[PDB]
Amino acid sequence: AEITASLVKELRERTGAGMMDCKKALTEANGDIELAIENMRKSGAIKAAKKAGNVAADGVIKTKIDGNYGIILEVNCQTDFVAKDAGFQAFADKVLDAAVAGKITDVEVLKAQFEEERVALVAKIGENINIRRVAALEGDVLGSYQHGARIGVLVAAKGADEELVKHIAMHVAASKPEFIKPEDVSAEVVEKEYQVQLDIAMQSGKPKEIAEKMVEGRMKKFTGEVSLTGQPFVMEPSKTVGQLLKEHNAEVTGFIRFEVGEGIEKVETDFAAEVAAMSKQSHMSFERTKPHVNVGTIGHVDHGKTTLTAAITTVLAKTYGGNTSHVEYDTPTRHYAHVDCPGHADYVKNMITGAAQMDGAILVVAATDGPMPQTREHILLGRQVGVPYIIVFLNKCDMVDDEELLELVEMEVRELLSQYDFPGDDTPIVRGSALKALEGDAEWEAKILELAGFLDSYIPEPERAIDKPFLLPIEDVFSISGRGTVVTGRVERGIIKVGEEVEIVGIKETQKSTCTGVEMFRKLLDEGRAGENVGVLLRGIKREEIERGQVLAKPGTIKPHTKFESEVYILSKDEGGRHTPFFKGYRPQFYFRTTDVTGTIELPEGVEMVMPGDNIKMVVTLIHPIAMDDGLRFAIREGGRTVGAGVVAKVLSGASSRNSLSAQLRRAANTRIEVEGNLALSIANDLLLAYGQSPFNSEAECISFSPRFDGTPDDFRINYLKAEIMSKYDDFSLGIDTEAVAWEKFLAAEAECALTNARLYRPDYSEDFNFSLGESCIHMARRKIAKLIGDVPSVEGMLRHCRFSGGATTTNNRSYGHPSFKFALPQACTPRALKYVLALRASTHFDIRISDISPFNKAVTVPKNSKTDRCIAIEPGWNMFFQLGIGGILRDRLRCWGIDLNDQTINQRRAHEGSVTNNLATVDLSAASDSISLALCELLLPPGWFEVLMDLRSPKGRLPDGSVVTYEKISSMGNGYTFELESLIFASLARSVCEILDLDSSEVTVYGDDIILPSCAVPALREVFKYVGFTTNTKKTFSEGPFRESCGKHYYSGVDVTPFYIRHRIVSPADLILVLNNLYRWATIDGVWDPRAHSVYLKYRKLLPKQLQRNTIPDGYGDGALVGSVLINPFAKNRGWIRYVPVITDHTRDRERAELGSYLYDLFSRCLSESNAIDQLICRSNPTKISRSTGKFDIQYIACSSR
RNA sequence: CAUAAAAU
RNA sequence: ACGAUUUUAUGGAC
Ligand SMILES: Nc1ccn([C@@H]2O[C@H](COP(=O)(O)OP(=O)(O)OP(=O)(O)O)C[C@H]2O)c(=O)n1
Ligand SMILES: [Ca+2]
Ligand SMILES: [Ca+2]
């Protein structure tokens, strides 16, 4: 010991002060009881001093009302945990209560008649605790609501009633409006937004009245949203609060809403680092099958959770061997991942959302203090989250000069533990010190070792996947001639051997069968194991009696349930979730392992609203059964949107849309808009007329107009529109116009490849004295290409990227374009290509069949613009299959040149920069794909690659004409690699031009033939291009002026001037809706209409069937409806707190899929997979369904919000 | 993959 | 015998 005093517990269990704070204030007073107590009071206020320097951004909010008087209180603290401690609840309650009767408003008066008690609590708790906001509200009627303790509101209303103010109070907590009426916004607070935003618009060049009217309309909006009155009432968001009030003759005097920790920043905490940051101040000085164990750390803010995780790491490092914001450390027998548990709600969330489960927590309390009041709430988290085991690490034991005092702390924590049903008497407890360990000290250092032993020994080894009874979630079901039914999926756990019997359980009543076999794409297997994608064959059972969503499992091991309790997390707006709350009868979709299943739910007694961001317990009952046991995770969905996650906590027992309205909309959709003449053109001219631009004289001018690259952006925007809008219209009369044009072009490109083939094959001119830019780039480009690409396409590469994913082949028309028919019907293949097919055949037990072995592809024609079609090439199926292989590998490799072919936004953005800086140019070639000659390829690519490219192309072509060509080009568009190969050729030449001019290669960026490189380089690029056979398109390439375009976006001095195109004669209501939408999107800023165009929009709107004028959807939901405000829409049905609106879709008949083919396709894909917040990982890929498109239209109801 | 919208 | 690539919204995600 050290003390002339031993029993400090009496001092403690009447103060709540730390053990040492106790024995030190006792030692220094000869050891007098009532005396020491007082001595501590004094020293108290001074300890709360370092508290101030602790950001207390948590806490609670309280509200009390007495007939007419109501007050709302906000008192802060540092954690979730103390926020729900009884102690802290009492203080805040008292301050609340003793602030109602004594109607206080001056915070400071309140913050002062309590200050002596404040320090009292702080001292005990050891956390900063400051009272904060306080306000009062009086009204002829007022009511309150609070949302747990995170948000409280006061609502005051005249001429209102009781239920009515509950509801408004709930709404205020949901939509947090700043003002009570749109007219309350400081007639100046806004005037700023209007002087500032009138320029935003006037600087686009929009003529005053236009920018003015837009900013006016824009602000009318800006105001109504942030004001109670013009906010869609959350309990029925079709009518607003203003309108809601007025139907109750009611008015709202005013409202208060406080939210815990509003406008307190709260510097973020990165745990993983914070720890590694201490493992530095001291670290300076097959057996890969070890089980993964997840541990959490949890305790008082400054008791040492972090410094301990350091010690755990340095020491385990020194001694033994050696998804974010965690740490991992290694034990000779196990592997650990370790999270901190800094808050109760944050943890509960992560444990729901599977983003941090726990095999055991380690509870860290400092022995100098002993357990704190809120330690109880730490342990309570453990119990509520179901942590299986809790180990205790007593910390800072050196600063305790009396062993018997350690015995005291130790026994307090054993009681709290047992108070919450944990094994108190048997729980490992370690008297140690984090500090001494990290600063080296075998003594205290061996205690960390002792704790880690307690991890290896006390936390039981978690059951390995393969050791659990077999379960495979069923993704699809195939009837296969002369084999029977096979299901596919990834086996979730265990092992299934052929022979063994299986139960199939889920949607319908359970069934039994026996495993006839198990197969993957490559081989047949004896057994399927955990984590393997397989097909499983079943005896007897017919295909029509198995559904996706059911499971396959060892009998009696899993059961079908409909009712159950769960813990769930509703995602925030900010996380792509819902943006509005739900209530009693929420009715979403519950996605289990592989399928949605609808279900109702009942909230827990006392909660009536749920908002994005909430944790919540709810009782879900499903419309039909699903195989579950507690532990099972599921997602919450609204029309394929994920808005929640949950886990089944305990299985229980337990067990809208319109007709005519639907029918009316369909009738209308199937109608035909009728007009005199060319409706597209009428719209276009009316549009030009509203913008003070001259109309189109004739069909012939529509396609022969050129914009002026100058003028203000606004004046250029409609002008360019004018030149683009009708430019691809396929229904013009006047024109000896054909596709004769396309084939002439097709013949011209071949003739150029002919020339360049002759040319380029001739490396020695006459006498080696004369040097050329073109020659030099080919030499430079080549060298670069080889370092990027290798001598040869790898087997790994090809095995990862070869696939069918298609449309039409030389054997299958578009009807049979789906990959599954490629595996079903035999595909053609080229003489040189035959080896590749043979190799596929020797790699699998399934039949791989060649239809006919020929050198030909089919040259055909597809629409392009009003002036010409464009010829493409339908390849032999097996050729395509491998072409996609090298296509896929070049895609991977091009990433090192900072070129990313799965993303055209990097080209769009550099197009934009270019229109501002003029330092980047956008360049276009003409028949780009058709101009890559054989010769150019053989000089640029490694021989190995070239041979592989030459095996894989179609060497010959067959025109619709009936004639043939022997291709002078390497390949055309339609071929599986053409596009990546252009990219490579174009990039390598441009990059070579950069080196030669002393510019960064990395400034080069390419997407097919949209090319962007520094402007200075264009003249030389033009020269190289001429040399190697390309013709650059002067009209589409810009290395100066204010205009740039790349990948479909067009810019003029930074402003977007991307046009829209009317491609077809408009006949159905859907066609009209397409055009009006494209016009919406072109002429709208943030939903607000440029007025010039709005007049045209309204005019042609009238052409639609009456009902389709009102059927509106938000932007970003397609074109089966007019884009506009969906809250206004009369056809929207709000069913179960999810809003559903009708949209026109293409009507389709069902069609027979190919069973083997689809099954092959399925397995082939799973193979592909195997060789190449974050809770998306609860969904899959979908069963193949073929369908024919009739030309009628159908109406379909879809979920939508406003995102 | 693809009906659909932009697009190379 | 309308294609190869990207992409986003809807549906093969009942
Ligand atoms: N079925 C198709 C059609 C086009 N493309 C790709 O588009 C690229 C270039 O074509 P565009 O840039 O759109 O224009 P071009 O047809 O080459 O000619 P122009 O600019 O004169 O219209 C190359 C080609 O691989 C393709 O891969 N497959
Ligand atoms: Ca081009
Ligand atoms: Ca282009």
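Numbers and lists here come from the model and the stated rules, or from a named source; these are not laboratory values. When we count neighbours, we look across all protein chains shown, and the Cβ atoms used for this are built from the backbone with ideal geometry, even at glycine.
Output yes when any residue across segment A:689-704 is within 30 Å of residue A:588 (Cα to Cα) and out of contact with any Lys or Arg (no Cβ under 9 Å at 6 or more places or on another chain), and no when none is.
Of segment A:689-704, the ones within 30 Å of residue A:588 (Cα to Cα) are none.
The answer is no; no qualifying residue exists.
Count, please, the residues in segment A:41-75 that happen to be out of contact with any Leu (no Cβ under 9 Å at 6 or more places or on another chain), surrounded by 12 or more Cβ atoms within 10 Å (Cβ to Cβ) and either of a type in the set (A, V, I, L, M) or within 30 Å of residue A:161 (Cα to Cα) (or both).
Residues in segment A:41-75 being out of contact with any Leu (no Cβ under 9 Å at 6 or more places or on another chain), surrounded by 12 or more Cβ atoms within 10 Å (Cβ to Cβ) and either of a type in the set (A, V, I, L, M) or within 30 Å of residue A:161 (Cα to Cα) (or both): 6 in total.
Return the residues of segment A:590-615 that are surrounded by 20 or more Cβ atoms within 10 Å (Cβ to Cβ) and either aromatic (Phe, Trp, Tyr) or within 19 Å of residue A:473 (Cβ to Cβ) (or both); say none if nothing qualifies.
A:590, A:591, A:592, A:593, A:594, A:595, A:599
For segment A:829-921, which helices (runs of 4 or more DSSP H) that fit wholly inside it have 1 or more residues that are hydroxyl-bearing (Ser, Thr, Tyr) and not assigned by CATH to the domain that holds residue A:1158? So that I can check it myself, show each step before the final result.
Details: elements: A:834-841, A:877-893, A:905-917.
Qualifying helices (runs of 4 or more DSSP H): A:905-917.
Restricting to segment A:900-944, count the residues that are within 20 Å of residue A:781 (Cα to Cα), within 31 Å of the chain's Cα centre (by Cα) and small (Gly, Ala, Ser).
Residues in segment A:900-944 being within 20 Å of residue A:781 (Cα to Cα), within 31 Å of the chain's Cα centre (by Cα) and small (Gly, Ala, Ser): 0 in total.
Out of segment A:536-580, which residues are acidic (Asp, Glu) and under 24 Å from residue A:1179 (Cβ atoms)? Give the derivation first.
The initial filter retains those residues of segment A:536-580 that are acidic (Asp, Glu), namely A:544-545, A:547, A:565, A:567, A:574-575.
Residues satisfying the conditions are A:547, A:565, A:567, A:574, A:575.
Yes or no: residue A:800 over 24 Å from residue A:955 (Cβ atoms) and within 16 Å of ligand 1 (Cβ to nearest atom)? I'd like the intermediate steps shown before the answer.
Details: over 24 Å from residue A:955 (Cβ atoms): yes; within 16 Å of ligand 1 (Cβ to nearest atom): no.
It is false that residue A:800 is over 24 Å from residue A:955 (Cβ atoms) and within 16 Å of ligand 1 (Cβ to nearest atom).
Could you identify the single residue in A:292, A:303, A:283 that is more than 20 Å from residue A:458 (Cα to Cα) and assigned by CATH to the domain that holds residue A:346? So that I can check it myself, show each step before the final result.
On the way: A:292 fails: more than 20 Å from residue A:458 (Cα to Cα); A:283 fails: assigned by CATH to the domain that holds residue A:346.
Residue meeting the stated conditions: A:303.
Which one is farthest from residue A:1198 (Cα to Cα) among residues in segment A:1078-1132 that are in contact with a strand residue (DSSP E or B) (Cβ under 9 Å, 6 or more places away or on another chain) and of a type in the set (D, E, K, R)?
A:1090
To keep it simple, each residue is scored yes or no on (1) closer than 25 Å to residue A:744 by Cβ; (2) away from ligand 3 (no atom under 16 Å from the Cβ); (3) buried (at least 20 other Cβ atoms within 10 Å of the Cβ); (4) of a type in the set (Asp, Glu).
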residue	(1), (2), (3), (4)
A:899	no, no, yes, no
A:914	no, no, yes, no
A:929	yes, no, yes, no
A:933	yes, yes, yes, no
A:944	no, yes, no, no
A:948	no, yes, yes, no
A:975	yes, yes, yes, no
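Quick one: would you say residue A:627 is outside any loop (DSSP other than H, G, I, E, B), more than 27 Å from the chain's Cα centre (by Cα) and either within 16 Å of ligand 2 (Cβ to nearest atom) or surrounded by 19 or more Cβ atoms within 10 Å (Cβ to Cβ) (or both)?
Details: outside any loop (DSSP other than H, G, I, E, B): yes; more than 27 Å from the chain's Cα centre (by Cα): yes; either within 16 Å of ligand 2 (Cβ to nearest atom) or surrounded by 19 or more Cβ atoms within 10 Å (Cβ to Cβ) (or both): yes.
Criteria met by residue A:627.
Given the structure, is residue A:1011 in contact with a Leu (Cβ under 7 Å, 6 or more places away or on another chain) and over 20 Å from residue A:776 (Cα atoms)? Please lay out each step first, then the result.
Values: in contact with a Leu (Cβ under 7 Å, 6 or more places away or on another chain): no; over 20 Å from residue A:776 (Cα atoms): yes.
It is false that residue A:1011 is in contact with a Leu (Cβ under 7 Å, 6 or more places away or on another chain) and over 20 Å from residue A:776 (Cα atoms).
Restricting attention to segment A:1108-1129, which residues are over 21 Å from residue A:670 (Cβ atoms) and either within 16 Å of ligand 3 (Cβ to nearest atom) or not in a loop (DSSP other than H, G, I, E, B) (or both)?
A:1123
Residue-by-condition table, conditions (1) more than 27 Å from residue A:935 (Cα to Cα); (2) touching a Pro at 6+ places or on another chain (Cβ under 6 Å); (3) more than 8 Å from RNA strand B (Cβ to nearest atom):
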residue	(1), (2), (3)
A:1006	no, no, yes
A:1016	yes, no, yes
A:1031	no, no, yes
A:1037	no, no, yes
A:1048	yes, no, no
A:1065	yes, no, yes
A:1068	yes, no, yes
A:1082	yes, no, yes
A:1086	yes, no, yes
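Among the residues of segment A:1013-1054 satisfying the criterion of being among the hydroxyl-bearing types (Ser, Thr, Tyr), away from ligand 2 (no atom under 15 Å from the Cβ) and over 24 Å from residue A:898 (Cα atoms), which is surrounded by the most Cβ atoms within 10 Å (Cβ to Cβ)? Before you say what the answer is, go through the steps one by one.
Step one: of segment A:1013-1054, the residues among the hydroxyl-bearing types (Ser, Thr, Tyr) are A:1015, A:1027, A:1031-1032, A:1034, A:1037, A:1039, A:1046, A:1051-1053.
So of that shortlist, the ones also away from ligand 2 (no atom under 15 Å from the Cβ) come out as A:1015, A:1027, A:1039, A:1051-1053.
Right, trim to over 24 Å from residue A:898 (Cα atoms) and you get A:1027, A:1052-1053.
On the way: A:1027: 20, A:1052: 26, A:1053: 18.
Among them, the one singled out is A:1052.
Residues in segment A:979-1000: is at least one closer than 21 Å to residue A:832 by Cβ and either of a type in the set (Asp, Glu) or away from RNA strand B (no atom under 16 Å from the Cβ) (or both)?
Looking for residues that are closer than 21 Å to residue A:832 by Cβ and either of a type in the set (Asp, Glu) or away from RNA strand B (no atom under 16 Å from the Cβ) (or both), one finds at least one in segment A:979-1000, hence yes.
Could you say whether any residue in segment A:874-896 is surrounded by 14 or more Cβ atoms within 10 Å (Cβ to Cβ), touching a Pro at 6+ places or on another chain (Cβ under 7 Å) and of a type in the set (S, T, N, Q)? Steps first, answer last, please.
First, pick out the residues of segment A:874-896 that are surrounded by 14 or more Cβ atoms within 10 Å (Cβ to Cβ): A:874-894.
Within this subset, residues satisfying the condition of being touching a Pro at 6+ places or on another chain (Cβ under 7 Å) are A:886, A:889.
Next, only the ones that are of a type in the set (S, T, N, Q) stay: none.
No; the residues of segment A:874-896 include none that is surrounded by 14 or more Cβ atoms within 10 Å (Cβ to Cβ), touching a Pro at 6+ places or on another chain (Cβ under 7 Å) and of a type in the set (S, T, N, Q).
Could you check how many residues of segment A:459-489 are closer than 30 Å to residue A:428 by Cα and surrounded by 21 or more Cβ atoms within 10 Å (Cβ to Cβ)?
To start, the set of residues in segment A:459-489 that are closer than 30 Å to residue A:428 by Cα comprises A:459-465, A:467-468.
Next, only the ones that are surrounded by 21 or more Cβ atoms within 10 Å (Cβ to Cβ) stay: A:459.
Qualifying residue count, segment A:459-489: 1.
Which ones in segment A:89-144 are of a type in the set (D, E, K, R) and over 26 Å from residue A:165 (Cβ atoms)?
Taking segment A:89-144 as the starting set, the residues that turn out to be of a type in the set (D, E, K, R) are A:93-94, A:97, A:103, A:106, A:108, A:111, A:115-118, A:124, A:127, A:132-133, A:138, A:140.
Result: A:94, A:106, A:108, A:111, A:115, A:116, A:117, A:118, A:124, A:127.
Does any residue of segment A:821-844 turn out to be within 14 Å of RNA strand B (Cβ to nearest atom), surrounded by fewer than 17 Cβ atoms within 10 Å (Cβ to Cβ) and within 37 Å of the chain's Cα centre (by Cα)?
No, segment A:821-844 contains no residue that is within 14 Å of RNA strand B (Cβ to nearest atom), surrounded by fewer than 17 Cβ atoms within 10 Å (Cβ to Cβ) and within 37 Å of the chain's Cα centre (by Cα).
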